[PDB]
Amino acid sequence: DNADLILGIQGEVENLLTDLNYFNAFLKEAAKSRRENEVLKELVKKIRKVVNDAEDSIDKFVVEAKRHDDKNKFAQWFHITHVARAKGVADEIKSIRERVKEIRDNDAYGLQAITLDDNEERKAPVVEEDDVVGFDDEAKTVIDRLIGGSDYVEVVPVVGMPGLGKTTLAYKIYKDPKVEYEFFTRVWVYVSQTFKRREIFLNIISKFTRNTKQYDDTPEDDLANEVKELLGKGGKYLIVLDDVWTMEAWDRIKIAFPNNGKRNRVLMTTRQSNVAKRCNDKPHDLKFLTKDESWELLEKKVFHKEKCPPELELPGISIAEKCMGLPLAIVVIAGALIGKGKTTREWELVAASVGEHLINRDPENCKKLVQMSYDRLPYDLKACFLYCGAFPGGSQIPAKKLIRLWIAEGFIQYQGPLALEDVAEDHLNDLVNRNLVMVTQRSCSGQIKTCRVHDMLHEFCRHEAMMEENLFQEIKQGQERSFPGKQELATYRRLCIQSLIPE
Amino acid sequence: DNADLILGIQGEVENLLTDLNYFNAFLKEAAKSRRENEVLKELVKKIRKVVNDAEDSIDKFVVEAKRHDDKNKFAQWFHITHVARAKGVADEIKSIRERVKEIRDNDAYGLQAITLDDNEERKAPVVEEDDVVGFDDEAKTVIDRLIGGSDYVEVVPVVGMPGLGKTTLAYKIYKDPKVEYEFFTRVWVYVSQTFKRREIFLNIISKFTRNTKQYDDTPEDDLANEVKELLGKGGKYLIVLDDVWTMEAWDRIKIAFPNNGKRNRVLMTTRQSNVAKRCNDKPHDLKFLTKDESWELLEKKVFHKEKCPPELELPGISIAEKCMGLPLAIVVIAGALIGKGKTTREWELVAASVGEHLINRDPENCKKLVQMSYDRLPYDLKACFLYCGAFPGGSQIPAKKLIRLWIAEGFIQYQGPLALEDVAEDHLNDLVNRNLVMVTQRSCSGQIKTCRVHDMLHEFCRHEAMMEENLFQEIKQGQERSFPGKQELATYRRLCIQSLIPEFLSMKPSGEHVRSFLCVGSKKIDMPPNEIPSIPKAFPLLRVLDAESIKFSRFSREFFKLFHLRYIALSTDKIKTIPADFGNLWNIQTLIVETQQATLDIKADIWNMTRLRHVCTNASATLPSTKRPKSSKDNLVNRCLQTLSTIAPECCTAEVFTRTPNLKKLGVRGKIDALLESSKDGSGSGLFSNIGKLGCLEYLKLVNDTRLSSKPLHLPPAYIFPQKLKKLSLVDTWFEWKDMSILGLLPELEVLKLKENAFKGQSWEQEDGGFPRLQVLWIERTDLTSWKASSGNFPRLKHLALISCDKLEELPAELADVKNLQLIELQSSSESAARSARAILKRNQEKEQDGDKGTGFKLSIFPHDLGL
Amino acid sequence: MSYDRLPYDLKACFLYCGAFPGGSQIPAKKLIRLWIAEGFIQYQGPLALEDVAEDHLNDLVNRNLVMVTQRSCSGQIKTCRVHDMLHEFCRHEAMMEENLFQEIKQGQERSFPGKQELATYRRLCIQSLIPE
Ligand SMILES: Nc1ncnc2c1ncn2[C@@H]1O[C@H](COP(=O)(O)OP(=O)(O)OP(=O)(O)O)[C@@H](O)[C@H]1O
Ligand SMILES: Nc1ncnc2c1ncn2[C@@H]1O[C@H](COP(=O)(O)OP(=O)(O)OP(=O)(O)O)[C@@H](O)[C@H]1O
């Protein structure tokens, strides 16, 4: 009859939802780790696109079903329009189902690769040793903080965004003459994101005992006891825990550090603020390089012991100010500029494409470093963090507005006793704790008022969201790139615009 | 023809059952271990949902096939309705078969992953070392227990729920100065759930010998011999076995511990009570932290050496009290709070979502710890344990009610010589032995009476059952979350509700796939008369109706359409009769009604319910006539009937007892004079003689509600009583104590309860002997004043109590000489009884001081401050 | 450990011994005749089927899975029985795993089997209440 069409398309809707459950599970499994196979990435993009189109069609069907109840309000004219709309969404659901069937039939190989998934060396970081720029005051502060304190084991944490230079400062402190005299025993430990406690203890033992083959059957608890004996027989000891990622790592490693009332110290570098807060009530937030220090570092990295040519001074300074005081960004730019021709035109070209260089020329250097923090994000927090890249770089995003946008976009799914605003605030706090988002202002009650992402993470978010995830696309003009045409605008899911809106 | 449709859909039914066998095997294999692949988990959810829908359709088909036999009773109208219903289930079976085919065709990859299943480091736990809170007394007790004992190897076990702090206490003992001086040799061994004996022995050897490469070809037996030599050459040795999980592990490791008469000790921490019981007859149950200690631990963990800010004191304390004294929960909360902003608003937010934090923020810390015990559960015990999460957190679940619910829900499948209740009790004992369920009260006979799950395990059960297994879903309001809509209510299998029941029922919910409604609320609610048919209309496939807290004034006709119903719990203040249409529910197992009326009439033919197991009431129930017509001439026997709690005295004929050969519990209320009166025939054996024909009878309760006892009553001779009777309860029956001697000739009697002046008389002297196996004796509100006994009168008496019996004067001194007497209760007694009790205590103290082994007798007098 | 080392043709013969009630003494002649009748003994050599079945019984006795309770004066096995615990194992394997045979009894809540499961029973062992 007249209402048979709604039930007929609803019959296809349940099957579409059943397929969507499988595809969403496939997307979650694929997002668990970074795939490097091109076929797998293309299949993931194809699955995500067909999923998003499926939600769009289902949302249209839900709206049509809700509006069907108002037939009596407009009689035949609304009946005719509703029939045409119902047929339109019917053929849309059919087309989606054909695409799902085509994916199942043709792309079975990638589905196998994810489902079974049958398919490393620990790279200790290397940092600047001699020409450390701007960390004289920071090192002196931490050294003075290491000297003074209680007689028990105290942890001085260094926190910051990825690439800030926590390890460079830690190594500068490690080699400082004042603590080389104050601390008789100095141990450097690289507590990577993944590590083995037995390997850590044996590495510490190797500092003192050359023969370590007699610990073959020694349990890890007795290895920790031996480490305690080796460290306690001397005077003060300073132990550097580099890149500690989780609270459990500190809890499980600290059993090997004895307490003797000798003012033993542990200097820990971490990207996580919660780990630092637990280990010390006042974590040391590493500073950003000033504009003058950024230019000085860039000049030293590019021209070695020599001064910059007078013609390259102005373009180079403009580049350094665009690095926003992050030493990792300055180092990457210096590597890119060294291969250039040392001319004003090419340096100005680099200044106009700082982000592209910082991301795409050498993804092996910095993109992996940012991906280390990004991939550890929960699956529901990845979309929330990538949303923050929609706003222009350097702008201050109100926390209330960002929370409302997250709830509106459906990222926050929650069913417990807390409100959705509280859950979104918890998500923002989690992002800030990982130092992926910087809080620029707080209310007098302690709430976050405005927050912004560092320019380099903002570039990473733009890269991931536009070219990999197709989360949102930006529209602008001014250069050879004009407003997008209908072909690619037909595939855009979210639209970010900043200027020339009426045009 | 007309009946061809039933066979046509049955043809599809066998194929559906064949597919269900494969899917159930797939589900069992997938449940053997915890899958981390998202596609695999989604497929498991899809398989489980289609399986559950298949059982629902098959159950509907079975009901339709059973009801097809009544075509002659309603002619064409029922024929038309049955045809429509048969077509409806036919298209339901077809839709299920299409979904099964779609799963087979599309989801083949996950089926491969489970079938072949082609796809770790031992993490020794780390515990607090310096700031151990509240374990000073516990450590001192265990240290003193380690010092004193026999000269052989003795094991001191520490038992408790996961996260209780057994290893923290063990390490505190391990580092205690008194045992560092007493025990020259101290060895710590981490006996994980999985371990290698060779690795354990080599680890122990490493404590003494640096060179261990010469044991490459040494057998494990000789390694154990070398460990024995190394440990025995010193003085005493203390060995800590951490997290021992099975009896075999202790049996296989202990071969390396020598016996030298040097008082060697083994301190073992375990989550299993049976392992502890074997290794020592009195396992040390680790205590829970008090509320003050929990707050102190939380304050130390969050604020280090500093005090809490004054504004955060009240919210923090509220959080600590919500952790229920579990140190693991306190540690997890402290980790979550350290990352917060140290403000009152955020701490209050955490206080409102303590469970969510304890489970979802860091599943790597605690959820894995609980999953360690949960995954070791047998596959048939996992559903039973998750059921315990339906009841509200902190509530006390009766063991009898939980057992009946488990049987009704079909979790207990058993075919041996034991009853289903015994199997369910064994399941509960297994859960308690693993310290997943805490027993809060036990009966005097040793049975479990009430049990509850710790709040944190209850949160884990809620997490697993709602988000992973879809076992049951909870309905509530008050916050932004409202009552569920039709879309998700269509997928809910079991419904747990606690409040606002009439408001939820006013919406006319859809419950086509709901098989259980559990009114777990404690408040008694009078259901409005217009909302009475809401329960059967909403949930046609209701299998369990736990409406004990709901008062029903009438029985609507739709209640008789619940042909899948197996459990009934109802309260009522108006119902006096059970309609005959209630007998149409042939699947009923347990029938509980709690009526305030004096009498209740069972007009429904409960004998037709062959699967019936319990009929528990509180008013005198009039059983229906056993006379059956020639259409049902066959002698159907209700062999599964276990309980007839409150049947009428006039219904205690030989006819009903023939149909109930396996009746365990029997109870009679009313004119018990009719029970004892001899029939008008020459023989003097009345209706009470029929009770003795029940060989399996074990419990008997008699309630005489009438006061017209103008003729003194006589107990029948002991050989008329059931031989295997184990418990007898009498109340308000107005007998005489001279008849106690008859009860003393019962060979199997163990528990006797007299209430509200069951026996009348001032004094009565018993001869020596009698009551061979009696262990529990309970008196309350009696006119007895004198009682004379002897040492041989109660060889095995253990419990003795008088409540409000101020008329009693004294007790025999032979009771103080009873070896098996443990506890005596005296309440609101005279000062002479108190002085006699003090003299008994003084005599016991003197006897213990004489040099013999301590008897361990204890005595309590309540109130303690009376007589001061 | 002992059962899995049995030859494939001896596993069915050993599980058959669980049909008789626990503790009963099974005549060797009757057991041999039953094995031949049930088709367990397939043989084509010069020896008789009774000799092959006797060899199977000797193999079971040699593995100490069957205890000989009486022997004839000529050395032959006259009566043999399985230990109660192995009999319980045979009952477990045959009823719940192999569906070799099923036992029918009453007295407790379990009654005589219905048509649904009786339709799948291959061999029926009964001890009492046969006319009922
Ligand atoms: N003060 C500095 N002067 C010069 N180069 C610096 C300075 N600080 C850091 N760098 C450079 O920046 C890069 C990244 O710095 P660093 O290795 O210290 O990272 P980090 O803050 O420890 O980060 P991560 O969390 O990724 O380990 C290195 O190549 C290092 O040489
Ligand atoms: N008295 C205590 N004071 C402070 N923290 C405690 C105390 N008892 C236990 N804890 C903490 O609780 C957590 C779990 O305790 P513990 O490691 O002793 O577990 P357990 O009872 O041995 O359990 P399991 O059976 O899982 O091994 C640890 O992080 C430990 O530090």
# chains A, B, ... in the order shown; residues from 1 in each chain; ligands from 1

$ residues_near_ligand --ligand "ligand 2" --cutoff "7 Å" --atoms "only C-alpha atoms and all ligand atoms" --output "PyMOL selection string"
chain B and resi 125-128+131-135+160+162-169+243+269-271+297+327-328+331+369

$ residues_around --residues "region 287-292 of chain A" --least-positions-apart "2" --cutoff "12 Å" --atoms "only C-alpha atoms" --output "PyMOL selection string"
chain A and resi 132-139+141+158-166+169+284-285+294-299+316-330+454

$ residues_around --residues "residue 464 (chain A)" --least-positions-apart "4" --cutoff "12 Å" --atoms "only C-alpha atoms" --output "short mmCIF file (atom, residue, chain, number, x, y, z; two decimals) with C-alpha atoms, in the first residue's frame"
data_model
loop_
_atom_site.label_atom_id
_atom_site.label_comp_id
_atom_site.auth_asym_id
_atom_site.auth_seq_id
_atom_site.Cartn_x
_atom_site.Cartn_y
_atom_site.Cartn_z
CA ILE A 359 55.72 17.14 7.88
CA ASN A 360 56.22 15.71 4.40
CA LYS A 367 55.94 12.61 11.99
CA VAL A 370 54.18 12.97 16.93
CA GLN A 371 52.57 9.65 15.97
CA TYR A 374 48.90 10.27 18.77
CA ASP A 375 48.67 6.49 18.36
CA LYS A 382 41.47 10.54 18.17
CA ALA A 383 38.48 12.16 16.45
CA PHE A 385 41.85 15.70 18.95
CA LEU A 386 41.75 15.90 15.15
CA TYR A 387 38.69 18.19 15.42
CA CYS A 388 40.90 20.76 17.15
CA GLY A 389 42.73 21.26 13.84
CA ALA A 390 39.68 22.85 12.21
CA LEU A 457 50.65 19.62 16.17
CA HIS A 458 48.04 21.72 14.37
CA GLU A 459 49.88 21.03 11.12
CA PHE A 460 49.93 17.32 11.99
CA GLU A 468 44.30 10.41 5.65
CA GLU A 469 40.98 10.51 7.53
CA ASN A 470 38.95 12.94 5.36
CA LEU A 471 37.48 14.26 8.60
CA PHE A 472 37.24 17.86 7.39
CA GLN A 473 38.44 20.01 4.50
#

$ residues_around --residues "region 320-324 of chain B" --least-positions-apart "3" --cutoff "10 Å" --atoms "only C-alpha atoms" --output "JSON, numbers by chain"
{"B": [288, 289, 290, 291, 292, 293, 294, 295, 296, 297, 298, 299, 315, 316, 317, 327, 328, 329, 330, 331, 332, 333, 334, 351, 352, 354, 355, 358, 394, 454, 455, 456]}

$ closest_residue --among "A:331, A:83, A:424, A:377" --to "ligand 1" --atoms "only C-alpha atoms and all ligand atoms"
A:331

$ closest_residue --among "A:191, A:9, A:111, A:84" --to "residue 27 (chain A)" --atoms "only C-alpha atoms"
A:111

$ residues_around --residues "region 39-45 of chain A" --least-positions-apart "3" --cutoff "8 Å" --atoms "only C-alpha atoms" --output "PDB file with C-alpha atoms, in the first residue's frame"
ATOM      1  CA  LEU A  27      37.819   0.327  11.069  1.00  0.00           C
ATOM      2  CA  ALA A  30      42.670  -1.095  11.415  1.00  0.00           C
ATOM      3  CA  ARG A  35      49.334   0.228   8.542  1.00  0.00           C
ATOM      4  CA  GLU A  36      52.095   0.834   6.001  1.00  0.00           C
ATOM      5  CA  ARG A  48      35.344   4.684   5.936  1.00  0.00           C
ATOM      6  CA  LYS A  49      33.814   6.536   2.982  1.00  0.00           C
ATOM      7  CA  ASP A 107      38.296  -6.489  -1.251  1.00  0.00           C
ATOM      8  CA  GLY A 110      42.547  -6.805   2.941  1.00  0.00           C
ATOM      9  CA  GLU A 468      44.298  10.415   5.650  1.00  0.00           C
ATOM     10  CA  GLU A 469      40.976  10.511   7.529  1.00  0.00           C
TER      11      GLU A 469
END

$ interface_residues --of "chain B" --to "chain C" --cutoff "7 Å" --atoms "only C-alpha atoms" --output "ChimeraX atom specification"
/B:417,639-640

$ write_last_selection --atoms "N, CA, C and O atoms" --output "PDB file, in the first residue's frame"
ATOM      1  N   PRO B 417      22.661 -38.248  39.924  1.00  0.00           N
ATOM      2  CA  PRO B 417      21.765 -38.616  41.030  1.00  0.00           C
ATOM      3  C   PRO B 417      21.438 -37.476  41.979  1.00  0.00           C
ATOM      4  O   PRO B 417      20.500 -37.614  42.776  1.00  0.00           O
ATOM      5  N   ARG B 639       7.569 -36.244  40.499  1.00  0.00           N
ATOM      6  CA  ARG B 639       8.809 -36.666  41.138  1.00  0.00           C
ATOM      7  C   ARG B 639       9.781 -35.514  41.348  1.00  0.00           C
ATOM      8  O   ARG B 639      10.709 -35.644  42.153  1.00  0.00           O
ATOM      9  N   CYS B 640       9.596 -34.398  40.648  1.00  0.00           N
ATOM     10  CA  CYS B 640      10.477 -33.247  40.778  1.00  0.00           C
ATOM     11  C   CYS B 640      10.048 -32.286  41.878  1.00  0.00           C
ATOM     12  O   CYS B 640      10.752 -31.302  42.128  1.00  0.00           O
TER      13      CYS B 640
END

$ interface_residues --of "chain B" --to "chain A" --cutoff "7 Å" --atoms "only C-alpha atoms" --output "list in words"
residues 37, 38, 39, 42, 109, 113, 126, 202, 203, 206, 210, 211, 338, 339, 341, 353 and 479 of chain B

$ select_by_dssp --residues "region 276-495 of chain B" --states "strand (DSSP E)" --output "list in words"
residues 284, 285, 397, 398, 438, 439, 440, 441, 442, 448, 449, 450, 451, 452, 473, 474, 475 and 495 of chain B

$ select_by_dssp --residues "region 366-454 of chain B" --states "alpha helix (DSSP H)" --output "ChimeraX atom specification"
/B:368-375,379-387,399-408,420-433

$ write_last_selection --atoms "N, CA and C atoms" --output "compact mmCIF listing (two decimals), in the first residue's frame"
# COMPACT_ATOMS: atom_id res chain seq x y z
N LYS B 368 42.24 -6.37 34.35
CA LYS B 368 43.01 -7.58 34.11
C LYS B 368 43.14 -8.42 35.38
N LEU B 369 43.29 -7.76 36.54
CA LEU B 369 43.41 -8.48 37.80
C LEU B 369 42.15 -9.27 38.10
N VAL B 370 40.98 -8.66 37.90
CA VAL B 370 39.72 -9.37 38.11
C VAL B 370 39.52 -10.44 37.05
N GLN B 371 39.91 -10.14 35.81
CA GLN B 371 39.77 -11.12 34.73
C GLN B 371 40.63 -12.35 34.96
N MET B 372 41.69 -12.22 35.76
CA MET B 372 42.51 -13.38 36.08
C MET B 372 41.70 -14.45 36.81
N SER B 373 40.89 -14.03 37.79
CA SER B 373 40.02 -14.97 38.48
C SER B 373 38.80 -15.33 37.65
N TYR B 374 38.25 -14.37 36.91
CA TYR B 374 37.02 -14.60 36.16
C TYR B 374 37.23 -15.58 35.02
N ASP B 375 38.34 -15.45 34.28
CA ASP B 375 38.58 -16.31 33.13
C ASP B 375 38.85 -17.76 33.54
N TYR B 379 33.00 -22.65 32.17
CA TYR B 379 32.10 -21.98 31.24
C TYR B 379 30.67 -21.93 31.76
N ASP B 380 30.24 -22.96 32.50
CA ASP B 380 28.89 -22.97 33.04
C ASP B 380 28.75 -22.11 34.30
N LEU B 381 29.87 -21.75 34.94
CA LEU B 381 29.83 -20.90 36.12
C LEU B 381 29.93 -19.42 35.79
N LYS B 382 30.37 -19.06 34.58
CA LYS B 382 30.49 -17.66 34.22
C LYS B 382 29.13 -16.97 34.19
N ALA B 383 28.14 -17.63 33.59
CA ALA B 383 26.79 -17.07 33.55
C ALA B 383 26.19 -16.95 34.94
N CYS B 384 26.43 -17.96 35.79
CA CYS B 384 25.91 -17.91 37.15
C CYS B 384 26.52 -16.76 37.94
N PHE B 385 27.83 -16.54 37.80
CA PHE B 385 28.48 -15.45 38.52
C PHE B 385 28.01 -14.09 38.01
N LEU B 386 27.88 -13.94 36.69
CA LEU B 386 27.41 -12.67 36.13
C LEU B 386 25.97 -12.39 36.52
N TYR B 387 25.19 -13.43 36.81
CA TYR B 387 23.79 -13.21 37.24
C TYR B 387 23.79 -12.45 38.55
N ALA B 399 20.64 -17.14 49.50
CA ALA B 399 21.16 -18.26 48.74
C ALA B 399 20.04 -19.10 48.14
N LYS B 400 18.96 -19.30 48.90
CA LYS B 400 17.83 -20.08 48.39
C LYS B 400 17.21 -19.40 47.17
N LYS B 401 17.01 -18.09 47.25
CA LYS B 401 16.42 -17.36 46.13
C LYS B 401 17.34 -17.37 44.92
N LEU B 402 18.65 -17.18 45.14
CA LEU B 402 19.60 -17.20 44.03
C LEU B 402 19.65 -18.58 43.37
N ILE B 403 19.62 -19.64 44.18
CA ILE B 403 19.63 -21.00 43.63
C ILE B 403 18.38 -21.25 42.79
N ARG B 404 17.22 -20.83 43.29
CA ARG B 404 15.98 -21.02 42.55
C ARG B 404 16.00 -20.23 41.24
N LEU B 405 16.55 -19.01 41.27
CA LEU B 405 16.65 -18.22 40.06
C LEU B 405 17.58 -18.86 39.04
N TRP B 406 18.70 -19.42 39.50
CA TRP B 406 19.63 -20.09 38.59
C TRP B 406 18.97 -21.28 37.92
N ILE B 407 18.22 -22.08 38.68
CA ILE B 407 17.53 -23.23 38.11
C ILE B 407 16.46 -22.78 37.12
N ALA B 408 15.72 -21.73 37.46
CA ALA B 408 14.65 -21.25 36.58
C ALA B 408 15.21 -20.73 35.26
N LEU B 420 18.84 -30.73 41.51
CA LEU B 420 19.29 -29.48 40.92
C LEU B 420 19.68 -28.46 41.98
N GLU B 421 18.98 -28.46 43.12
CA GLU B 421 19.32 -27.54 44.20
C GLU B 421 20.71 -27.83 44.75
N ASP B 422 21.07 -29.11 44.87
CA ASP B 422 22.40 -29.47 45.35
C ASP B 422 23.48 -29.03 44.36
N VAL B 423 23.21 -29.17 43.06
CA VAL B 423 24.18 -28.74 42.06
C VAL B 423 24.36 -27.23 42.10
N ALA B 424 23.26 -26.49 42.23
CA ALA B 424 23.36 -25.03 42.32
C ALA B 424 24.08 -24.61 43.59
N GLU B 425 23.85 -25.32 44.70
CA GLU B 425 24.59 -25.05 45.93
C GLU B 425 26.07 -25.32 45.75
N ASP B 426 26.41 -26.37 45.00
CA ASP B 426 27.82 -26.64 44.70
C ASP B 426 28.42 -25.52 43.85
N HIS B 427 27.65 -24.99 42.90
CA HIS B 427 28.12 -23.86 42.11
C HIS B 427 28.37 -22.64 42.99
N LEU B 428 27.46 -22.37 43.93
CA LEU B 428 27.64 -21.25 44.84
C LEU B 428 28.86 -21.46 45.74
N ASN B 429 29.07 -22.70 46.20
CA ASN B 429 30.24 -23.00 47.01
C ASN B 429 31.52 -22.79 46.21
N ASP B 430 31.50 -23.16 44.92
CA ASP B 430 32.67 -22.95 44.08
C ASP B 430 32.96 -21.46 43.90
N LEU B 431 31.91 -20.65 43.72
CA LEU B 431 32.10 -19.21 43.60
C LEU B 431 32.65 -18.62 44.90
N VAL B 432 32.15 -19.09 46.04
CA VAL B 432 32.63 -18.60 47.33
C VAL B 432 34.07 -19.04 47.57
N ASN B 433 34.41 -20.26 47.15
CA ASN B 433 35.77 -20.76 47.34
C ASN B 433 36.78 -19.92 46.57

$ closest_residue --among "A:207, A:300, A:342, A:481" --to "ligand 1" --atoms "only C-alpha atoms and all ligand atoms"
A:300

$ residues_around --residues "residue 61 (chain C)" --least-positions-apart "3" --cutoff "12 Å" --atoms "only C-alpha atoms" --output "ChimeraX atom specification"
/C:6,10,14,28,54-58,64-69,77,79-83

$ write_last_selection --atoms "N, CA, C and O atoms" --output "JSON list (two decimals), in the first residue's frame"
[["chain", "number", "residue", "atom", "x", "y", "z"],
["C", 6, "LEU", "N", 45.41, -47.25, 23.37],
["C", 6, "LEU", "CA", 44.69, -48.40, 22.84],
["C", 6, "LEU", "C", 44.61, -48.31, 21.32],
["C", 6, "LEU", "O", 44.50, -47.22, 20.76],
["C", 10, "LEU", "N", 40.37, -51.46, 19.44],
["C", 10, "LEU", "CA", 40.20, -51.90, 20.81],
["C", 10, "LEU", "C", 39.48, -50.88, 21.68],
["C", 10, "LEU", "O", 39.00, -51.24, 22.76],
["C", 14, "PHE", "N", 36.77, -51.90, 24.57],
["C", 14, "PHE", "CA", 36.95, -51.55, 25.98],
["C", 14, "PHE", "C", 35.78, -50.74, 26.51],
["C", 14, "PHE", "O", 35.32, -50.96, 27.63],
["C", 28, "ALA", "N", 33.72, -64.08, 30.17],
["C", 28, "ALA", "CA", 34.54, -63.84, 28.99],
["C", 28, "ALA", "C", 33.87, -64.38, 27.73],
["C", 28, "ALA", "O", 33.94, -63.76, 26.67],
["C", 54, "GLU", "N", 39.31, -63.17, 21.90],
["C", 54, "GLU", "CA", 40.08, -63.55, 23.08],
["C", 54, "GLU", "C", 41.42, -62.84, 23.12],
["C", 54, "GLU", "O", 41.90, -62.45, 24.19],
["C", 55, "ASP", "N", 42.05, -62.66, 21.95],
["C", 55, "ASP", "CA", 43.29, -61.90, 21.89],
["C", 55, "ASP", "C", 43.05, -60.44, 22.27],
["C", 55, "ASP", "O", 43.90, -59.82, 22.93],
["C", 56, "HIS", "N", 41.92, -59.87, 21.84],
["C", 56, "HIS", "CA", 41.58, -58.51, 22.24],
["C", 56, "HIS", "C", 41.40, -58.41, 23.75],
["C", 56, "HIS", "O", 41.86, -57.45, 24.38],
["C", 57, "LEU", "N", 40.73, -59.39, 24.35],
["C", 57, "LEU", "CA", 40.55, -59.39, 25.80],
["C", 57, "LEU", "C", 41.88, -59.54, 26.52],
["C", 57, "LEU", "O", 42.12, -58.91, 27.55],
["C", 58, "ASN", "N", 42.76, -60.40, 25.99],
["C", 58, "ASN", "CA", 44.09, -60.55, 26.58],
["C", 58, "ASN", "C", 44.88, -59.25, 26.50],
["C", 58, "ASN", "O", 45.62, -58.91, 27.42],
["C", 64, "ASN", "N", 46.20, -53.84, 31.96],
["C", 64, "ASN", "CA", 45.61, -53.65, 33.29],
["C", 64, "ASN", "C", 44.40, -52.73, 33.25],
["C", 64, "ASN", "O", 44.10, -52.04, 34.22],
["C", 65, "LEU", "N", 43.71, -52.70, 32.11],
["C", 65, "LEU", "CA", 42.42, -52.02, 32.02],
["C", 65, "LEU", "C", 41.26, -52.92, 32.39],
["C", 65, "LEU", "O", 40.18, -52.42, 32.71],
["C", 66, "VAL", "N", 41.46, -54.24, 32.37],
["C", 66, "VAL", "CA", 40.45, -55.22, 32.75],
["C", 66, "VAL", "C", 41.09, -56.20, 33.71],
["C", 66, "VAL", "O", 42.20, -56.69, 33.46],
["C", 67, "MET", "N", 40.41, -56.50, 34.81],
["C", 67, "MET", "CA", 40.91, -57.41, 35.83],
["C", 67, "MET", "C", 40.24, -58.77, 35.68],
["C", 67, "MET", "O", 39.01, -58.86, 35.66],
["C", 68, "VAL", "N", 41.06, -59.82, 35.59],
["C", 68, "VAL", "CA", 40.54, -61.18, 35.50],
["C", 68, "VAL", "C", 40.24, -61.67, 36.91],
["C", 68, "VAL", "O", 41.12, -61.71, 37.77],
["C", 69, "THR", "N", 38.98, -62.06, 37.14],
["C", 69, "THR", "CA", 38.56, -62.52, 38.45],
["C", 69, "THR", "C", 38.58, -64.04, 38.60],
["C", 69, "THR", "O", 38.66, -64.53, 39.73],
["C", 77, "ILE", "N", 40.53, -67.35, 30.22],
["C", 77, "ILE", "CA", 39.82, -66.39, 31.06],
["C", 77, "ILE", "C", 38.35, -66.78, 31.11],
["C", 77, "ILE", "O", 37.71, -66.97, 30.07],
["C", 79, "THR", "N", 35.91, -65.26, 33.81],
["C", 79, "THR", "CA", 35.17, -64.06, 34.16],
["C", 79, "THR", "C", 36.15, -62.91, 34.36],
["C", 79, "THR", "O", 37.24, -63.11, 34.91],
["C", 80, "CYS", "N", 35.75, -61.72, 33.93],
["C", 80, "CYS", "CA", 36.57, -60.53, 34.08],
["C", 80, "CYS", "C", 35.67, -59.35, 34.39],
["C", 80, "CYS", "O", 34.49, -59.32, 34.02],
["C", 81, "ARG", "N", 36.23, -58.36, 35.09],
["C", 81, "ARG", "CA", 35.50, -57.16, 35.45],
["C", 81, "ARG", "C", 36.44, -55.96, 35.40],
["C", 81, "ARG", "O", 37.66, -56.10, 35.56],
["C", 82, "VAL", "N", 35.87, -54.80, 35.16],
["C", 82, "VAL", "CA", 36.62, -53.55, 35.15],
["C", 82, "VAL", "C", 36.54, -52.93, 36.54],
["C", 82, "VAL", "O", 35.52, -53.02, 37.22],
["C", 83, "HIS", "N", 37.64, -52.31, 36.96],
["C", 83, "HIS", "CA", 37.64, -51.60, 38.23],
["C", 83, "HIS", "C", 36.62, -50.47, 38.19],
["C", 83, "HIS", "O", 36.36, -49.89, 37.13]]

$ residues_around --residues "residue 102 (chain C)" --least-positions-apart "6" --cutoff "7 Å" --atoms "only C-alpha atoms" --output "PyMOL selection string"
chain C and resi 95+121+123-125
